[PDB]
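The structure appears below as structure tokens.
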DNA sequence: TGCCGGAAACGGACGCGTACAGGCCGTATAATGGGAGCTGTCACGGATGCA
DNA sequence: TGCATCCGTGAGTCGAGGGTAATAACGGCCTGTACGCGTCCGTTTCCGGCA
Ligand SMILES: [Mg+2]
Ligand SMILES: [Zn+2]
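Residue numbers (the entry's author numbering), protein chains in the order written: chain A, 353 to 527; chain B, 294 to 439; chain C, 489 to 537; chain D, 1220 to 1268; chain E, 1 to 98; chain F, 30 to 1140.
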């Protein structure tokens, strides 16, 4: 009991629950016995029938049972290169979209400045441009000493204005 | 030969007590990444296995100690921990190198520095560069020298 | 226009000595082969095989 | 110690440089390349830089 | 520490237990690496967020703080310092050998 | 001849050959058939050794069964291996990615000892992979070939060394077994013969003999002349068999309390029980031959024996004494001499049969272990062999051998020659073989025993020089694994026609003649003194009476690929090596015309390569088309052959198969019925025939640069078809399921024009770099968006589009049409890997022209890239206006020692023009030995000069003398072989004659489009932040240590800082420099490298306190 | 036509009743010291153990 | 003191390349985690009248 429990708990780099590893071994035993007494590799539906679970559960168990690889095995025919140097770091900066976003911010600041101070302020507060948190109509009305209906009217007229081609012909290619 | 290291220890404000280890440090996870490839396949960095062995043997030693175990078992577990730490710091330095699946020896911290595949000669002195190219070459007898 | 007057470097493995790296002025050409001046082949230890 | 470690016998160099509490000066030529600062040769010296 | 690239020396010395436990932000005491199902780092494991920082930029473990406004604060429930995700590259841990 | 549809290729061969070239795929086919137990191999072995015809599987099962418990109260046995029909055909397997296999069935018998009960059951061993008609394996769809391995045969090996200090010889011996321990009996600086066992040097032979049970009187009686051994007896200082066994135990087994019964059985277990010490049948045969124990006994009992050990010790002592012959008591006399490892009498060839047999054995060992383990735990009388046996270890061993093993190589197929030469390949490196780092210069040599068994020319020229070789044309493999070579035995100077196969030992024992020995057309030698190879490889002149063997034919020492080189005997060895290695990389063109001048090893090589359809049974062609041929047999039945139209080879080359017969022709069984990739009318064709000039032209053909006429581009003389495939799998995900559909997020309708309704592109729709091939979308999930993105989305009214776009885009630098789309699905019940719901393959083919930078090469290793493709007008042309096609350089011919190209050029011009020897007054003296129907030849006729017996220089001069005019009265090529060329650029004739002719050149697989690469900013590595490498990803060039040294030596600092900081590793520097370049600002100052930060963290993690200090 | 000013669903916080995920505990005839794979480089320097 | 033994280190350069051996299995319980309709804030149409 102790040896089986410890082996199940610390056998893999990715820890697996005791019941899950138990059913994994049960499925492996069932598959081996079926192959031995059938002569043909059985189908997941047949495995599900014999083990009395669902085929999607069988597929999930099979996906879970897989163990990872090492980033330092010589993948090539000769030994001069590991596996980790062939893997792209997706979390890095594209180094192009960064400058694209910077110039998009510059163009947005320009197109905002083409409007007047009131509209620029209300839209910036509404969409959270100068600050991370986007303010709501009630907050804008409280700041500017007017009602949320007036704020909504200003927002609607500004949104209508910004959709003109004179103000969208520069922002079209940024999406 | 002895006085070399003796004077080396004496002249500084260094203490030889640090030569024995009481708290093993853990390398930051990003330098030993656990990346998921396409299709859900994972791939360890081969240091996680050594760290797991260290942690498991330390915890088992703690459990044996506070449970109360015979000196034979306690000493065996202590030797286990010692050998695991030795393998983590330098695999294959003493005894059979610790190997994973496929009879491939594991890579230790000192293996990240030794040889041509080490950090120094592989990434500190020569690196892959950007704004570069590569192609076959032909003769340009109509060109000028510059 | 943007390439005119912009030196580039050529490298050949192995870089036996100092003259294994040299700087030239590029010119656009058709094909996909880096045309090389015949007089630097001795310095680069490069034949066209 | 950095140059010797990057050169050869890195384990033996480190285990005795650490014991001696050796402190590098980053005045050579390999150390500047390793740490990304300008080398003290050619256009890297204070006379021209 | 900040690495402004103004250096004059690089001293290597024999580290001690106090130095190691001062470097370490926390102690790892469980040999888990990743959760098999949710694919999130386990608590106190070899990839513990509480010790080594957050995997996602400005996002704690339980999601109680998910924006730049909560910067430099510690999640009282999860225990993850809400900061940049690159921090997982510079924090170290230590193991207290029995 | 001997081929019914063989084109009439007139030959220059002087002497007839008695033996034809054997089946070039025999080394694979016969080996695998011996493994199986096929009736063909069974009847062959019955013809040549019917004493015990046993297959590999039969041998494994016999040496395994019976399996007993510790108590020995119950047993299990295996018997009668038997195969089943293949589960799927070859083409279906290759298409649906299965493995070409067949079920395995065995008859397991379970026997009880105490009670007595037999249980016979039919057990399915596993799906055994099978070897096809061409000797190749198919694993997961792709075609693989397992190369034969060169390993030293187990046995005894004696050697002598010089101590260089006292200057006395120190003999030794290594009894190296397979699956066992080592033991050496050396001779020291003193006179104490050491018995180092398992690398534990002590304990002279007296103690070993006493442990074996030999008393001192017996030792002295058996060894009386041995002064060294009598001295060791005097200074033995150990008396008693039990005392010697005690010493043995304390020495070989430290840390174990010795007993008087454990030691008595330890030696027997270590060297006499077959469980732990089993030198193979080859080892037993080698030991028996070396010592001469049994001369007629059938080989069995593969374990060592005390008589063998004492014979080895006596052999060592007599060799040290300096004797010449030895007689074991009860055995025949045998000469005593040192043994060489590089001799091919000791380097056995472990072929595919033995390799797969070894893997089968190591799997069945695990299976038997599991059987024994579960055989005790499970209750008696309640078990059956089906419950006993576990076949998973066996099938896993087979699979893990076929995949992930460097002896199971990806079968390269650039041409049928490449495939054929990848078969018959002998590789010395592999599991159980020497590695490159341990490969000393001694093994990378052509030992004089390689003549006729391995090509001294063909071998890789890189770091693997000498470790990889190929079988000779006439070579044959012994059942033990030695390489035989046929010979014609000569008796009292009468060269008989009987062919006897000899190995290295027999060849060294006897005296061999020379292939081109001047026989008298009756059996005798015209001259008593003939060339002879002696035992030590010595070459001497010997009277004809002592000669007792002769080579079957010239060019026996050479391999196929090198035998395809005309005028080989005039070339050097390095350039012949280069030409042989670079004949296998030629790409298949779209026409593939036959070469003008060649050897006789093109038809046989092509038809034996398996890439040419050949009618198995004679008949008349009923229906012929571009897709199939129906041959109407002589008796009622018909048969249809399916051609392979534009099938992708493993290396991206066309594999077309065009029929070469009409609707009324009659074909005899064995005639070529359809061409292959690199074939013409049945024989081989790796290139085209091109007019050649040897003048240096304006520096464009400078230093192995090649000039081409634009006619090749215009008429597609050198134009290859390349097929690339793309694979994308729509798979299950945690957040949902990916689907293949037209609806791709944040995309326009312009790029969707070429996409059909279901997502994939149309068949025949051309594609360009950056297009969409398969439209796949992945559930993106919940992610916070930037406020600017929110503002833009609100402005433009576009929705969130919560799925991410990951579509199969054709990579950078590809074009061409789309041939076919093979799409798999889960709903139509196809065998897909778990987690994959949709798979689709797109085949893209491009018609690559010839262009500058492409690699061209002749058959003599005169390689060179294409410097410049001139127009037709500005190329030198002959007097009649025909322009030359290629322009080589004259400086490259002499210093490379390859005038074979010049001779080939002259002979090619003679063949193209046509000649007629004017025998008006007798046959001219220079053509006295010329064969008939060669004095006159039609224009554009083909000739065949063999390898080592071909056209002579005098005959070439005579042929060039008569060069009958093209259309008018004009002999464009003079007697010397040159011509008057006119400069097509200036106009004036060239002041001196220039050599011209028709050389045969081939287009190599080193195209420019596969090599050109560039990078500005791409993906980056994970641990370090440096860019990736290779053309597969984007990747950047490697700025190595030598380049850094050159950068430093240039007095340069800022360029080095740039290339090392803001181009590779500065994470917050690359974005800043890109922004500065885009905006037009100055380049900012760099920062410290992330790689250096990683190194600092690693050092801190190694318990090394590293602190960077400011002041 | 567009705008104004609310009005209609589509979505963040939930007690609740239920699903299951995972973990712990405990099994009674008897069984009581490993498989195991290796050992085809060559020169150099140096440390150690023993005659 | 000399001698042998042993250990450890370094022994090229550029593409082509990406997925694995080995078995008691259930009851009882238990606490935790989750998560599926409903009414609230809030945002995209609604439609009644209208300028
Ligand atoms: Mg070259
Ligand atoms: Zn939290």
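For every residue, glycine included, the Cβ atom is placed at its ideal position computed from N, Cα and C.
query: CB contact below 8 Å: residue 385 of chain B versus chain A; result: no
query: Residue 537 of chain C: CB within 7 Å of a non-hydrogen atom of ligand 1; result: yes
query: Counted within 10 angstroms of its Cβ, other Cβ atoms place residue 366 of chain B as buried (16 or more) or exposed; result: exposed
query: Cβ neighbour criterion (16 or more within 10 Å) applied to residue 604 of chain F; result: buried
query: Where the segment 1243-1265 of chain D meets chain E: residues whose CB sits under 9 Å from a CB there; result: 1243, 1244, 1245, 1250, 1254, 1255 and 1256
query: Touching by the beta-carbon criterion (3+ pairs, under 8 Å), the segment 379-394 of chain F and the segment 82-92 of chain F; result: yes
query: Residue 80 of chain E: CB within 7 Å of a non-hydrogen atom of ligand 2; result: yes
query: Minimum Cβ-Cβ distance from residue 1236 of chain D to chain B less than 8 Å; result: no
query: Cβ-based burial, residue 979 of chain F [other Cβ within 10 Å; buried from 16]; result: buried
query: Minimum Cβ-Cβ distance from residue 488 of chain A to chain B less than 8 Å; result: no
query: Extent of the continuous beta strand (DSSP E) to which residue 734 of chain F belongs; result: 734-738
query: Spatial distance of residue 114 of chain F from residue 122 of chain F (CA atoms); result: 14 Å
query: Classification of residue 62 of chain E by the beta-carbon crowding that lies within 10 angstroms, buried from 16 upward; result: exposed
query: Neighbour flag for residue 1223 of chain D against chain B, beta carbons, 8 Å; result: no
query: C-beta neighbour in chain B for residue 365 of chain A, strict 8 Å; result: yes
query: Whether residue 394 of chain A touches residue 386 of chain A by CB criterion (8 Å); result: yes
query: heavy atom of ligand 2 below 7 Å from residue 77 of chain E C-beta; result: yes
query: According to DSSP, residues forming a beta bridge with residue 199 of chain F; result: F:190
query: Pick from B:360, B:375 and B:418 that is closest to residue 387 of chain B, judged by C-alpha positions; result: B:375
query: Min CB distance residue 316 of chain B to chain E below 8 Å; result: yes
query: Near ligand 2: residue 71 of chain E beta-carbon under 7 Å from a heavy atom; result: no
query: Contact between the segment 969-979 of chain F and the segment 593-600 of chain F (3+ Cβ pairs under 8 Å); result: yes
query: Ligand 2 heavy atom lying under 7 Å from the CB of residue 43 of chain E; result: no
query: Inter-residue Cα distance where the pair is residue 663 of chain F and residue 720 of chain F; result: 46 Å
query: Exposure of residue 918 of chain F, with buried meaning 16 or more beta-carbon neighbours within 10 Å; result: buried
query: Distance between residue 775 of chain F and residue 812 of chain F (C-alpha atoms, nearest Å); result: 16 Å
query: Length-filtered (4 minimum) alpha helix (DSSP H) runs lying within the segment 737-821 of chain F; result: 739-744
query: Contacts that residue 427 of chain A makes with chain B (C-beta to C-beta distance below 9 Å); result: Near residue 427 of chain A there are no residues of chain B at all, since even the closest Cβ is about 11 Å away, more than 9 Å.
query: Short CB-CB distance (under 8 Å) between residue 351 of chain B and chain A; result: no
query: Reduced DSSP secondary structure (H/G/I, E/B, other) of residue 305 of chain B; result: coil
query: Closest by C-alpha distance to residue 55 of chain F, when choosing among F:559, F:883, F:502 and F:993; result: F:502
query: The beta strand (DSSP E) enclosing residue 523 of chain F, as first and last residue numbers; result: 523-531
query: First and last residue of the uninterrupted alpha helix (DSSP H) at residue 414 of chain F; result: 414-417
query: Three CB pairs or more closer than 8 Å across the segment 1245-1255 of chain D and the segment 19-39 of chain E; result: no
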